[PDB]
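First up is the structure itself, then whatever we jot down about it.
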Amino acid sequence: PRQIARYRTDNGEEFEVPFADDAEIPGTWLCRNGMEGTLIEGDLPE
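Numbering (the entry's author numbering), first residue to last: 26 to 71.
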């Protein structure tokens, strides 16, 4: 989806990253801090 994705890091810092509508949004992504932040409700867990 074409939304601004927001990954919250271990520090609680929220990270904004604009994706296109062709891209799927996961709840983990390496951020500019060097930590995989968790986007608030994203992909489907197994």
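Cβ coordinates follow ideal geometry from the N, Cα and C atoms, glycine included.
Counting along the chain, the unbroken beta strand (DSSP E) around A30 starts and ends at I29 to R33. Assigned with DSSP and collapsed to three states, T53 falls in coil, not helix or strand. The residues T63, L64, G67 and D68, in chain order, have a CB closer than 6 Å to that of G52 in the same chain once the five nearest residues on each side in sequence are set aside. Counting along the chain, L64 sits inside the beta strand (DSSP E) bounded by residues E61 to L64. The distance from the Cβ of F40 to that of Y32 is about 5 Å, consistent with a contact at the 8 Å cut-off.
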